[PDB]
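A short worksheet on the structure shown next.
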Amino acid sequence: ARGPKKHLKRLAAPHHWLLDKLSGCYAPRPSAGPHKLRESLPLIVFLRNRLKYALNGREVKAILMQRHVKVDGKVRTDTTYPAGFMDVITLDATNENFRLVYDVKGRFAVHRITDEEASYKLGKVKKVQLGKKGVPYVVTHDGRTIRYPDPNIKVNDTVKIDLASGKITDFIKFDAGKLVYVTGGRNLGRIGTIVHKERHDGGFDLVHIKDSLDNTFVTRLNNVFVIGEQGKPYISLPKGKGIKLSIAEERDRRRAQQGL
Amino acid sequence: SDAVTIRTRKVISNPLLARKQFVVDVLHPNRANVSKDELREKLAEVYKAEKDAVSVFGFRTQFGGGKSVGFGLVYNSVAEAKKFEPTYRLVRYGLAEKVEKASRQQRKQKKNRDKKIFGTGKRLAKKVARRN
Amino acid sequence: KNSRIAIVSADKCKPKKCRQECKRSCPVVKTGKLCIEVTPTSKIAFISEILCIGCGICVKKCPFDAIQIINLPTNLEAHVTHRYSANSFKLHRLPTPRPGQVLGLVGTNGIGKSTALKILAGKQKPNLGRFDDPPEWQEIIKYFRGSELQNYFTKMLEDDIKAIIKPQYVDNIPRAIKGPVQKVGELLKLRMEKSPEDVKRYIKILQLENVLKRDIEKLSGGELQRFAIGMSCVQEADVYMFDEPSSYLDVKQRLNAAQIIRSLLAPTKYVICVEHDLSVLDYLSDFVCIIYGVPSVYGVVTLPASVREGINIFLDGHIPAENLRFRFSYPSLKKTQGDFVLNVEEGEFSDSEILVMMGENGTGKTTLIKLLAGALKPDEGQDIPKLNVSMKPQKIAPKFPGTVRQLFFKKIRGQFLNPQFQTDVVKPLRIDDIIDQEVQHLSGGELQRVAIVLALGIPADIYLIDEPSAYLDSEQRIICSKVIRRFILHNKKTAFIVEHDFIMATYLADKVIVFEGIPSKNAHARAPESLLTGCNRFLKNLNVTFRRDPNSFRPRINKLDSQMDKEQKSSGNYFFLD
Amino acid sequence: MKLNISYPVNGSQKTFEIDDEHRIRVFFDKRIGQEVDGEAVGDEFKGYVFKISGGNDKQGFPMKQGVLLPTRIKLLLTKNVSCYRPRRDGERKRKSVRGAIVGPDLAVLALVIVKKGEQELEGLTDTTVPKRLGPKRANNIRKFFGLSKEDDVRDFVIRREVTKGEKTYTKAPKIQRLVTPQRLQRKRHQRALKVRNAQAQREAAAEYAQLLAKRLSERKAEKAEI
Amino acid sequence: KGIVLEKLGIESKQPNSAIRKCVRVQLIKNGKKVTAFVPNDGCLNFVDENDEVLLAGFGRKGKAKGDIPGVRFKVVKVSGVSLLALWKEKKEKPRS
RNA sequence: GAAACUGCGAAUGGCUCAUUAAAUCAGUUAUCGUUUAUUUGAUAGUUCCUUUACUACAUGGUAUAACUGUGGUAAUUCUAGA
RNA sequence: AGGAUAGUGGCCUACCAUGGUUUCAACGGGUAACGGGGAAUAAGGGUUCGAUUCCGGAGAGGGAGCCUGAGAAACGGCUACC
Ligand SMILES: Nc1ncnc2c1ncn2[C@@H]1O[C@H](COP(=O)(O)OP(=O)(O)NP(=O)(O)O)[C@@H](O)[C@H]1O
Ligand SMILES: Nc1ncnc2c1ncn2[C@@H]1O[C@H](COP(=O)(O)OP(=O)(O)NP(=O)(O)O)[C@@H](O)[C@H]1O
Ligand code: SF4
Ligand code: SF4
Ligand SMILES: [Mg+2]
């Protein structure tokens, strides 16, 4: 209707922000940013709902406007800034560090990380082309272009990004024998290393994946994003380890064993 | 009054706002309601920061009686409390004083009148004076 | 709840072409009584008033949309803000004291306006047509919640909106408060708080510079109305009210009064005028707010309109809500008092004829009348009245406890017994309530009508009449004036009529004497000449002109200087179409 | 008709209520901009020469510049053009405006002047307005006094006091488009930044050549083995 | 909702021999001539010629109720009061 | 720090469903037939094309609102000159 | 083959060809028809409703045209006619 939509209601926003139906009509529309609208998570949502630091929007703004907190080690003062997958949220509150990584149920958990891990992040290369004056370049899932890459780095691979500098510290190739995370959709927040790839002419390369318990499954390659070598993940994984328990194991562990 | 017994459950320290945030639970048999002012007087026994520096807000009584739940804050210094706490709570605490000005629709009417005048508007008055 | 009624005439409301469906499908026509009377003919469809039940069935299936549907005024125990008891006046809506703009409040006389003003002030509190218990504000707030006044009235409860009103009547304010010292001087200083400069601006722009050294009691009602407004104005307060400010005052001095009222309005303040106006309400108010009903029975206030539009609807009648119809000799005497030189010239005071006076307030028209009756004077010579003298007072705020009927026994009802007082008023607006009921509780035009009777009441021919337009409007004024003229022309009398109103003078007038000179200095009464030249003389000095409203024959004062105004100044004529 | 005269040099101005049609028979059938002699009008304006700038006719409508026809016509009016001001951005409106041909129906001729005659007028000739905002920008300051470009700006600046009563002071104009240390620092920093960018691009492309060289060595020399 | 036209005396069918006391009504909206029965014992003397009455259908959805030929509507309110309230002496009818 | 100039915003929202039957619409692709303000990340050392004097690059010109004052019209967030 | 659009394209021009739809139901007419997500009822299958809190569409009295902006054919912008 005659241009961009600036407002956004509750309900229209995704289920994995854990937005309660009541206590408001509207939701925070994520601002135009690196990540997409539906996949990403606003900073306000990360603060008041998850971490429980702020109560109101006021308080959130008052926290953000005094610098302190920063995504990618950069000021980032806007309220509804889209913090997406695999982002370092550096805070000065008792030297606390946070990595956004997916959970069992496809949400963003409060997963703390070490001060050494805060240095670097990862990124799935979406295209690699020549820019102006024949200079090749890559582009990650979060738009962080890197000039003068290694010729080994082709499409669908992962890059380790240094944050402090826009550089390629490492790269990992796309095949079996590597630890392989999976985002997007039904099998969102799982790990199973790849068994084998499938070509399919005319788009959509369904990859076959096999977790630690050998409960194999298939997902689409656009939502697949690797991580590291077998038994050597370059990022510290959360509780659950990208396995996904059935409802039986849930009723055994999460409402029987854990009780006092 | 009997027992009283303040219990600050679900304690979170908040370095980024310079405060602590917590759930005040109170056991008050043989008295009607809890009273915020009395809790402000007696919360300094555990934390020690006078009264206005601390703050609190947020309560509700349990069904039946004898008990009250609530959600509250404790800021470290007074200045921080002044700058971070919402403006309306300060009035309740007696620190700030809200300028009780005109009605909302009245202000809107004023705004419309100001829209209807171009520039400063003293020129119009002067023109009228020359006219008569 | 209401009386729905049909209305007919239109642009090519064609009965000849249509095959008359109105007649063909009306329920009242098809059960005996002819409500809608029509044929294939040259004229319009005629439809009755009294018969029409309402329905609106003819409206839907008339082939052209000629016939509309209206709703007539009637009480239905709806709303009711206040009554007194029973077989008495009631009122339904008091409303939006809308701020930042002056609020006109118009109606035919004895309709509630004054009572509503009192209610708004919080002096005479409402009762919802019931016999309330000790301070029942709660209940009344609950009744008029869901609306603006909830806020207003609650504020009033804790006096965070201080009250002030200009009273209806003028003679009561000097008599009630017997001050230690008179003049403008000190009594104004005790009243005012605001500032030193604003009061200077007020008294200066009020063009008085007269009554700075003089006691209030001596002052004529006009210079006195002026003081009343001044005392209301300077009083430091939140609310502001002016209950009929522009009565018996000069045409020039009305406009600047209005523009002093205007002074108070802007910065988040509420103002509420009442007025029976010509077209000087153009400047008084921004939001005109008409009231309708029956005099001294029920009154309903319509939601506010724009001034222009509102005045234009008051004339025709129908509105977006309802429909209120609407439409021998004497020598040159030299008279003095203390701070005045009231001279008079010789004249021809002819038999079986009227005589018209005009002038600025303080031109000496009024004391003349007193001296003619009996008060003081003369030091050299006079002419005693041949006929028995008949007198009209201006300062009317009387006190005859008991009832008006008792006071009517001091006159007589059995003279020229054929209508007279009934021809003044009896069928449309009614006099039953006015003939009963106390005079203490009676309102302006009705109280004035009391004095219009005290004139053609005692046996007398030679008549002294100054300011009957006091507390009356276009409805009550014109017919009353016509009746007065019919009286004194038919049965052979002589009357010295004195008006501030233009229509009440010019529709009567023939011989016109003109007062001239500055207030609290001089006064010269010029001889009776033609109606045109005399009126020019009256208005050349005042420096104001009129415009006859072409459709309805109605006066509209000009805006000090203008394109048409200057033509009138250069030509001379201030009255078209005789 | 009323007249409104204004002398541009002194910055004075006054109205004149001029009745009698014979006194104003010269002004009729003339255009805005044309020069008119005041001797034919009367003795007070003898010697003067008047240029007309604008005017208003009856009902307060202005005279648009050189638009012809002595009648009010409905015209589209946009931003940055006379006899209109837009509220909303790019808002064009149709308004009835009169032409520049002077006729009987006029009310105020907005008369200016050209030459001052033998007789001196009452208001205009004597008084002179103090021109309010003195030169703000540096170059305009330098052109007002006539200081070439080596006299310094801080000492030669247009002034105005402010006597309150108790405690007196004297606030001055800010200057724009003026040299300081700060701007020199900024330009220097800009150039430096550009240089650093260039060097960073030079250093970056060099390593690419070495990596490429290594790729050619390891890969292309390995083809000789098979 | 409708006005009226006149009171009737409807000759009922066999075997149910009586007179039913209905009203001819012209409506507001279309303005069609309709016949309508008046419920309860007595209660025809409440309504008069020309009067705002709110009608309801019988129950049967079109056609006769029981023994009344042509009549396919009853009443509900007259002068906006309800016949049921009037029959049972609860509420009062306004004069106009 | 009112006013005004500039820059943004006012195309979001909120409201109603009259038209509209392969049209809207849902799921589902595609743009290797494209525009994309703004965020987000990268990004033009080579313009005095006589870079031999060429005008200042210690950084230069054209106006113009608010404003002071003179008014026009019955009137609208009408506006004229100086 | 051009023009026009940010663009493909009968979208529109000039020339040339005689096609495209259809009783597996075109074309017309009606709809008290905005389309979905849904709601009511429920053995199972169904039947009726969906103006209405979410997505999408359309229109701000009727039509038509346009300025300005990245974005409108905007209507708490403009323009004319009814
Ligand atoms: N206290 C009272 N007791 C009995 N009757 C009253 C009382 N107050 C008012 N009335 C009646 O109510 C009517 C209207 O009152 P009011 O509002 O004063 O008239 P009004 O419309 O202001 N007249 P005016 O100002 O001359 O146009 C009058 O006709 C009185 O007869
Ligand atoms: N003893 C006195 N000393 C001084 N002045 C007096 C005295 N008595 C009366 N006056 C005033 O002298 C004036 C004579 O004017 P007057 O004839 O009353 O004008 P008017 O016809 O009343 N016009 P208006 O005020 O419009 O009614 C009056 O205004 C009186 O107030
Ligand atoms: S009103 Fe309608 S119906 Fe009655 S006459 Fe005029 S046209 Fe024929
Ligand atoms: S309105 Fe009701 S009554 Fe008056 S005419 Fe039309 S139908 Fe007959
Ligand atoms: Mg009254």
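Summed over segment D:54-74, the residues that are away from chain C (no Cβ under 14 Å) and either assigned to a loop (DSSP other than H, G, I, E, B) or over 14 Å from D:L106 (Cα atoms) (or both) give a count of 10. Does D:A107 meet the test of being surrounded by 14 or more Cβ atoms within 10 Å (Cβ to Cβ), farther than 24 Å from D:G47 by Cβ and among the hydrophobic types (A, V, I, L, M, F, W, C)? For D:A107, the condition - surrounded by 14 or more Cβ atoms within 10 Å (Cβ to Cβ), farther than 24 Å from D:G47 by Cβ and among the hydrophobic types (A, V, I, L, M, F, W, C) - is met.
Could you grab me the full set of residues in segment E:16-57 that are outside any loop (DSSP other than H, G, I, E, B) and within 10 Å of chain C (Cβ to nearest Cβ)? Quick ask: steps written out before the conclusion?
Keep residues of segment E:16-57 that are outside any loop (DSSP other than H, G, I, E, B), which gives E:19, E:22-27, E:33-37, E:53-54, E:57.
The answer is E:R24, E:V25, E:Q26, E:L27, E:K33.
Scanning segment C:35-45 for residues that are of a type outside the set (K, R) and loosely packed, with under 14 Cβ neighbours inside 10 Å gives C:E37, C:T39, C:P40, C:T41, C:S42.
Go through segment C:482-508 and report how many residues are more than 22 Å from C:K370 (Cα to Cα) and either in a loop (DSSP other than H, G, I, E, B) or within 16 Å of ligand 3 (Cβ to nearest atom) (or both). Break it down stepwise before answering.
Within segment C:482-508, the first condition is being more than 22 Å from C:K370 (Cα to Cα), and the residues that meet it are C:482-483, C:485-487, C:489-492, C:502-504, C:506-508.
Filter once more, keeping what is either in a loop (DSSP other than H, G, I, E, B) or within 16 Å of ligand 3 (Cβ to nearest atom) (or both): C:491-492, C:502, C:507-508.
The qualifying residues number 5.
Looking only at residues in segment C:23-65 that are under 20 Å from C:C13 (Cα atoms) and among the basic types (K, R), the one that is farthest from the other protein chains (Cβ to nearest Cβ) is C:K43. Determine whether C:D424 is touching a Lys or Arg at 6+ places or on another chain (Cβ under 9 Å), closer than 22 Å to C:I497 by Cβ and either within 16 Å of ligand 1 (Cβ to nearest atom) or of a type in the set (G, A, S) (or both). So C:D424 passes the test.
Condition first: exposed (fewer than 14 other Cβ atoms within 10 Å of the Cβ), farther than 30 Å from C:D436 by Cβ and away from ligand 4 (no atom under 12 Å from the Cβ). Can you find one or more residues in segment C:96-112 that meet it?
Step one: of segment C:96-112, the residues exposed (fewer than 14 other Cβ atoms within 10 Å of the Cβ) are none.
No - not one qualifying residue is present in segment C:96-112.
Residues that are part of a strand (DSSP E or B) and either closer than 22 Å to C:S443 by Cα or within 16 Å of ligand 3 (Cβ to nearest atom) (or both) within segment C:217-254 comprise C:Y240, C:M241, C:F242, C:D243, listed in sequence order.
Condition check ((1) surrounded by 19 or more Cβ atoms within 10 Å (Cβ to Cβ); (2) assigned to a helix (DSSP H, G or I); (3) within 24 Å of the chain's Cα centre (by Cα)) across all residues:
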residue: C:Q440; (1), (2), (3): no, no, yes
residue: C:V450; (1), (2), (3): no, yes, yes
residue: C:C480; (1), (2), (3): yes, yes, yes
residue: C:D510; (1), (2), (3): no, no, no
residue: C:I513; (1), (2), (3): yes, no, no
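Report yes if A:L37 is more than 17 Å from the chain's Cα centre (by Cα), within 13 Å of RNA strand F (Cβ to nearest atom) and more than 14 Å from every other protein chain (Cβ to nearest Cβ), otherwise no. No.
Among residues belonging to segment A:40-59 that are buried (at least 18 other Cβ atoms within 10 Å of the Cβ) and under 17 Å from the mean Cα position of the chain (by Cα), point out the one that is nearest to the other protein chains (Cβ to nearest Cβ). The selected residue is A:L47.
Looking only at segment C:537-566, count how many residues are closer than 25 Å to C:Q259 by Cα and in a helix (DSSP H, G or I).
To start, the set of residues in segment C:537-566 that are closer than 25 Å to C:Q259 by Cα comprises C:538-549, C:554-566.
Filter again for in a helix (DSSP H, G or I), leaving C:538-542, C:563-566.
Residues flagged as closer than 25 Å to C:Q259 by Cα and in a helix (DSSP H, G or I) within segment C:537-566 amount to 9.
Filter segment C:8-22 for residues that are more than 9 Å from ligand 4 (Cβ to nearest atom) and within 27 Å of E:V34 (Cα to Cα); which is nearest to the other protein chains (Cβ to nearest Cβ)? Step through it out loud before you land on a result.
Start the filter on segment C:8-22 by keeping residues that are more than 9 Å from ligand 4 (Cβ to nearest atom), which leaves C:8-21.
Going one step further and asking which of them are within 27 Å of E:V34 (Cα to Cα), we end up with C:18-21.
Details: C:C18: 16, C:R19: 16, C:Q20: 15, C:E21: 10 Å.
Within segment C:8-22, the match that is nearest to the other protein chains (Cβ to nearest Cβ) is C:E21.
Run down A:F217, A:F225, A:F204 and say which single residue is outside the structural domain of A:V110 (by CATH), in a strand (DSSP E or B) and more than 19 Å from the chain's Cα centre (by Cα). Before you say what the answer is, go through the steps one by one.
On the way: A:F225 fails: more than 19 Å from the chain's Cα centre (by Cα); A:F204 fails: in a strand (DSSP E or B).
Result: A:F217 is the single residue among A:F217, A:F225, A:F204 that is outside the structural domain of A:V110 (by CATH), in a strand (DSSP E or B) and more than 19 Å from the chain's Cα centre (by Cα).
Going through (1) within 14 Å of chain B (Cβ to nearest Cβ); (2) of a type in the set (A, V, I, L, M); (3) more than 24 Å from A:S236 (Cβ to Cβ) one by one, A:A93 falls short only on (3). For A:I194, indicate whether it is hydrophobic (A, V, I, L, M, F, W, C) and at positive phi. Yes. Checking every residue in segment C:188-198 against the condition of being exposed (fewer than 14 other Cβ atoms within 10 Å of the Cβ) and within 20 Å of C:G122 (Cβ to Cβ) gives zero matches.
Counting only strands (runs of 3 or more DSSP E) that sit completely within segment A:66-175, those holding 3 or more residues that are closer than 27 Å to D:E203 by Cβ correspond to A:121-124, A:127-130, A:136-139, A:158-161, A:168-172. Selection over segment C:289-308 of residues that are out of contact with any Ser or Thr (no Cβ under 7 Å at 6 or more places or on another chain) and closer than 21 Å to C:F546 by Cβ gives a count of 1.
Note on segment A:60-80: residues that are β-branched (V, I, T) and surrounded by fewer than 17 Cβ atoms within 10 Å (Cβ to Cβ) amount to 3.
Ideal geometry is used to build each Cβ from the backbone, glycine not excepted, and the neighbour counts take in all protein chains shown. What is reported rests on the model, the rules as stated and the sources as named; these are not laboratory values.
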